[PDB]
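The structure appears right after this line, and notes come after that.
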2 protein chains.
Amino acid sequence: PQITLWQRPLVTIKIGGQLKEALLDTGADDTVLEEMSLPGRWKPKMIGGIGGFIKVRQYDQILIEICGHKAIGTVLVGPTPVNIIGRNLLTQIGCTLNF
Amino acid sequence: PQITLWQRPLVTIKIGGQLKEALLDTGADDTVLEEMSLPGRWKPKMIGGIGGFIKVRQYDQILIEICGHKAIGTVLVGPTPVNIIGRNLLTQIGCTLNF
Ligand SMILES: COC(=O)N[C@H](C(=O)NN(Cc1ccc(-c2cccnc2)cc1)C[C@@](O)(Cc1ccccc1)C(=O)N[C@H]1c2ccccc2C[C@H]1O)C(C)(C)C
């Protein structure tokens, strides 16, 4: 689809059989979701944003659907203000910016 | 143009008679630039990202050019780690997300 930016580009995603609202974020290198449970082992990661860095849990090869488009990649979990879908997954679903 | 997301979507912008590199960020409500001088009146504002909030100066009705596309809007100035072009200006140049 083609999404304009007059409002936040919030879309429905599906992870672990549950639906969640997430922000399509071209300015985010990674994908970070609010506290939740994910399978397997996780690795440590520090991600930096406008107000500084936060520690998150990194899970790899996680199945996640974005607007119906299936992807399998790295998902970070931590104290983020909102669920963010970053470039690692935006590239998987074939997303681009156009003007 | 069509911008891929394999790398951060960085573009050149022209503002206040200065050429700067900025990030096209669909996950940003506002446009915030690193410390610089701008004309006119300003008001203080607190904006939050991952990591928390930072204090910035808000300047309204500021002319900016992005990839040759002219626009006018509010520009925030403060301690941001990178120059960010938010939705308030992305809409003006007709930028959309497509997949
Ligand atoms: C509305 O607030 C905003 O729009 N905030 C904007 C904002 O911070 N936007 N977003 C997500 C984001 C989205 C929502 C909220 C948020 C906070 C409180 C209440 N409601 C929403 C915070 C962060 C994140 C931004 O792309 C902005 C940014 C870009 C480059 C450098 C530093 C920061 C970002 O944080 N990118 C980083 C990120 C995000 C997730 C995983 C990894 C990484 C690494 C970075 O790529 C702002 C401050 C520029 C204008």
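Note on naming: chains are A, B, ... as they come in the structure tokens, residues start from 1 per chain, ligands start from 1 in the order shown.
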- Write as a ChimeraX atom specification the residues around ligand 1, taking 6 Å as the cut-off and counting only C-alpha atoms and all ligand atoms. /A:27-32,47-50,81-82,84 /B:25,27-30,47-50,81-82
Under the rule of at most 10 Å, produce a per-residue listing of chain A near chain B: chain, number, name, the closest pair of atoms, and the distance in Å, as a Markdown table, using only C-alpha atoms.
```
| residue | atom | partner | partner_atom | distance |
| --- | --- | --- | --- | --- |
| A:1 | CA | B:99 | CA | 5.6 |
| A:2 | CA | B:98 | CA | 4.6 |
| A:3 | CA | B:97 | CA | 5.0 |
| A:4 | CA | B:96 | CA | 4.9 |
| A:5 | CA | B:91 | CA | 5.7 |
| A:6 | CA | B:91 | CA | 6.2 |
| A:7 | CA | B:87 | CA | 8.0 |
| A:8 | CA | B:27 | CA | 7.2 |
| A:9 | CA | B:26 | CA | 7.2 |
| A:10 | CA | B:27 | CA | 9.3 |
| A:23 | CA | B:27 | CA | 6.5 |
| A:24 | CA | B:27 | CA | 6.4 |
| A:25 | CA | B:27 | CA | 4.3 |
| A:26 | CA | B:25 | CA | 5.2 |
| A:27 | CA | B:25 | CA | 4.3 |
| A:28 | CA | B:27 | CA | 7.6 |
| A:29 | CA | B:8 | CA | 7.3 |
| A:32 | CA | B:50 | CA | 10.0 |
| A:47 | CA | B:50 | CA | 8.2 |
| A:48 | CA | B:50 | CA | 6.8 |
| A:49 | CA | B:50 | CA | 4.7 |
| A:50 | CA | B:49 | CA | 4.9 |
| A:51 | CA | B:51 | CA | 4.2 |
| A:52 | CA | B:51 | CA | 4.2 |
| A:53 | CA | B:51 | CA | 5.0 |
| A:54 | CA | B:51 | CA | 5.7 |
| A:55 | CA | B:51 | CA | 9.5 |
| A:67 | CA | B:99 | CA | 9.9 |
| A:69 | CA | B:99 | CA | 9.4 |
| A:79 | CA | B:50 | CA | 8.3 |
| A:80 | CA | B:50 | CA | 5.9 |
| A:81 | CA | B:50 | CA | 6.5 |
| A:82 | CA | B:50 | CA | 8.9 |
| A:84 | CA | B:27 | CA | 8.0 |
| A:85 | CA | B:27 | CA | 9.1 |
| A:86 | CA | B:27 | CA | 9.2 |
| A:87 | CA | B:5 | CA | 6.0 |
| A:88 | CA | B:6 | CA | 8.1 |
| A:89 | CA | B:5 | CA | 9.7 |
| A:90 | CA | B:5 | CA | 7.2 |
| A:91 | CA | B:5 | CA | 6.0 |
| A:92 | CA | B:6 | CA | 9.7 |
| A:93 | CA | B:99 | CA | 6.7 |
| A:94 | CA | B:99 | CA | 5.3 |
| A:95 | CA | B:99 | CA | 4.5 |
| A:96 | CA | B:4 | CA | 5.0 |
| A:97 | CA | B:97 | CA | 4.9 |
| A:98 | CA | B:2 | CA | 4.5 |
| A:99 | CA | B:95 | CA | 4.5 |
```
- If you run DSSP over the backbone, which residues in chain A end up strand (DSSP E or B)? Put them as an MDAnalysis selection string. chainID A and resid 2:3 10:15 18:24 32:33 43:49 52:66 69:77 84:85 96:98
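Going from CA of residue 57 (chain A) over to CA of residue 11 (chain A), you cover 22.8 Å.
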- All residues 10 Å or closer to residue 77 (chain A), only C-alpha atoms, same chain fewer than 6 positions away omitted, as an MDAnalysis selection string: chainID A and resid 31:38 42 45 55:59 83
Dump of N, CA, C and O atoms for the selected residues, as a PDB file, in the first residue's frame:
```
ATOM      1  N   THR A  31      14.272  -2.889  15.040  1.00  0.00           N
ATOM      2  CA  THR A  31      12.881  -3.047  15.441  1.00  0.00           C
ATOM      3  C   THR A  31      12.853  -3.324  16.940  1.00  0.00           C
ATOM      4  O   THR A  31      13.490  -4.267  17.414  1.00  0.00           O
ATOM      5  N   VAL A  32      12.132  -2.496  17.687  1.00  0.00           N
ATOM      6  CA  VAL A  32      12.044  -2.681  19.129  1.00  0.00           C
ATOM      7  C   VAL A  32      10.595  -2.656  19.572  1.00  0.00           C
ATOM      8  O   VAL A  32       9.838  -1.748  19.222  1.00  0.00           O
ATOM      9  N   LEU A  33      10.220  -3.664  20.346  1.00  0.00           N
ATOM     10  CA  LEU A  33       8.861  -3.784  20.846  1.00  0.00           C
ATOM     11  C   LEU A  33       8.795  -3.685  22.362  1.00  0.00           C
ATOM     12  O   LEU A  33       9.760  -3.991  23.061  1.00  0.00           O
ATOM     13  N   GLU A  34       7.645  -3.250  22.860  1.00  0.00           N
ATOM     14  CA  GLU A  34       7.423  -3.128  24.290  1.00  0.00           C
ATOM     15  C   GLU A  34       7.544  -4.506  24.933  1.00  0.00           C
ATOM     16  O   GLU A  34       7.348  -5.527  24.270  1.00  0.00           O
ATOM     17  N   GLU A  35       7.868  -4.531  26.224  1.00  0.00           N
ATOM     18  CA  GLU A  35       8.029  -5.781  26.961  1.00  0.00           C
ATOM     19  C   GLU A  35       7.021  -6.860  26.568  1.00  0.00           C
ATOM     20  O   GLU A  35       5.805  -6.633  26.561  1.00  0.00           O
ATOM     21  N   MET A  36       7.545  -8.037  26.249  1.00  0.00           N
ATOM     22  CA  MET A  36       6.733  -9.175  25.847  1.00  0.00           C
ATOM     23  C   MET A  36       7.595 -10.424  25.957  1.00  0.00           C
ATOM     24  O   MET A  36       8.799 -10.338  26.210  1.00  0.00           O
ATOM     25  N   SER A  37       6.982 -11.583  25.756  1.00  0.00           N
ATOM     26  CA  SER A  37       7.716 -12.833  25.828  1.00  0.00           C
ATOM     27  C   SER A  37       8.016 -13.363  24.434  1.00  0.00           C
ATOM     28  O   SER A  37       7.142 -13.376  23.567  1.00  0.00           O
ATOM     29  N   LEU A  38       9.261 -13.778  24.221  1.00  0.00           N
ATOM     30  CA  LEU A  38       9.688 -14.345  22.948  1.00  0.00           C
ATOM     31  C   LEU A  38      10.495 -15.604  23.230  1.00  0.00           C
ATOM     32  O   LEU A  38      11.126 -15.725  24.280  1.00  0.00           O
ATOM     33  N   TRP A  42      18.369 -14.763  24.223  1.00  0.00           N
ATOM     34  CA  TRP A  42      18.515 -13.403  23.750  1.00  0.00           C
ATOM     35  C   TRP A  42      19.925 -12.927  24.038  1.00  0.00           C
ATOM     36  O   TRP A  42      20.634 -13.516  24.860  1.00  0.00           O
ATOM     37  N   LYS A  45      21.930  -5.702  23.907  1.00  0.00           N
ATOM     38  CA  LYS A  45      22.136  -4.642  22.936  1.00  0.00           C
ATOM     39  C   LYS A  45      21.745  -3.297  23.513  1.00  0.00           C
ATOM     40  O   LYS A  45      20.807  -3.188  24.299  1.00  0.00           O
ATOM     41  N   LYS A  55      18.818  -0.252  27.276  1.00  0.00           N
ATOM     42  CA  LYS A  55      19.245  -1.632  27.127  1.00  0.00           C
ATOM     43  C   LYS A  55      18.026  -2.435  26.686  1.00  0.00           C
ATOM     44  O   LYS A  55      16.927  -2.246  27.207  1.00  0.00           O
ATOM     45  N   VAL A  56      18.219  -3.324  25.718  1.00  0.00           N
ATOM     46  CA  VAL A  56      17.128  -4.147  25.221  1.00  0.00           C
ATOM     47  C   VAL A  56      17.593  -5.588  25.063  1.00  0.00           C
ATOM     48  O   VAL A  56      18.787  -5.875  25.120  1.00  0.00           O
ATOM     49  N   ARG A  57      16.637  -6.489  24.871  1.00  0.00           N
ATOM     50  CA  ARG A  57      16.937  -7.899  24.682  1.00  0.00           C
ATOM     51  C   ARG A  57      16.811  -8.185  23.193  1.00  0.00           C
ATOM     52  O   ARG A  57      15.789  -7.864  22.584  1.00  0.00           O
ATOM     53  N   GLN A  58      17.847  -8.783  22.607  1.00  0.00           N
ATOM     54  CA  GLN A  58      17.829  -9.087  21.177  1.00  0.00           C
ATOM     55  C   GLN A  58      17.500 -10.541  20.871  1.00  0.00           C
ATOM     56  O   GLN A  58      18.228 -11.447  21.280  1.00  0.00           O
ATOM     57  N   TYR A  59      16.403 -10.756  20.150  1.00  0.00           N
ATOM     58  CA  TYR A  59      15.995 -12.101  19.746  1.00  0.00           C
ATOM     59  C   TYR A  59      16.157 -12.171  18.235  1.00  0.00           C
ATOM     60  O   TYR A  59      15.716 -11.269  17.520  1.00  0.00           O
ATOM     61  N   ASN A  83       5.913   0.640  20.016  1.00  0.00           N
ATOM     62  CA  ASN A  83       6.453  -0.448  19.201  1.00  0.00           C
ATOM     63  C   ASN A  83       6.965   0.184  17.917  1.00  0.00           C
ATOM     64  O   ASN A  83       6.242   0.927  17.255  1.00  0.00           O
TER      65      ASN A  83
END
```
- Mind giving me the straight-line distance from CA of residue 60 (chain A) to CA of residue 19 (chain A) in Å, one decimal? 19.5 Å
- Give the helix (DSSP H, G or I) residues of chain B, as DSSP finds them on the backbone, and put them as a PyMOL selection string. chain B and resi 87-90
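Neighbours of residue 14 (chain A) closer than or equal to 8 Å, with only C-alpha atoms counted and sequence neighbours fewer than 5 positions away skipped, come out as residues 19, 20, 64, 65 and 66 of chain A.
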Kindly export the residues of the current selection with N, CA and C atoms, as a PDB file, in the first residue's frame.
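The resulting file, result_14.pdb, is shown below:
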```
ATOM      1  N   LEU A  19      -1.850  -9.688  18.017  1.00  0.00           N
ATOM      2  CA  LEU A  19      -1.842  -8.471  17.221  1.00  0.00           C
ATOM      3  C   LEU A  19      -1.393  -7.303  18.092  1.00  0.00           C
ATOM      4  N   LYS A  20      -0.581  -6.425  17.514  1.00  0.00           N
ATOM      5  CA  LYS A  20      -0.083  -5.244  18.209  1.00  0.00           C
ATOM      6  C   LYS A  20      -0.038  -4.092  17.210  1.00  0.00           C
ATOM      7  N   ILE A  64       7.413 -12.472  12.315  1.00  0.00           N
ATOM      8  CA  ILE A  64       6.598 -11.297  12.574  1.00  0.00           C
ATOM      9  C   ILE A  64       5.933 -10.851  11.283  1.00  0.00           C
ATOM     10  N   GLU A  65       4.634 -10.595  11.366  1.00  0.00           N
ATOM     11  CA  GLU A  65       3.858 -10.166  10.210  1.00  0.00           C
ATOM     12  C   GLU A  65       3.604  -8.669  10.339  1.00  0.00           C
ATOM     13  N   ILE A  66       3.802  -7.939   9.248  1.00  0.00           N
ATOM     14  CA  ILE A  66       3.605  -6.493   9.246  1.00  0.00           C
ATOM     15  C   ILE A  66       2.636  -6.146   8.125  1.00  0.00           C
TER      16      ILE A  66
END
```
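Here CA of residue 75 (chain B) is placed at a distance of 15.8 Å from CA of residue 12 (chain B).
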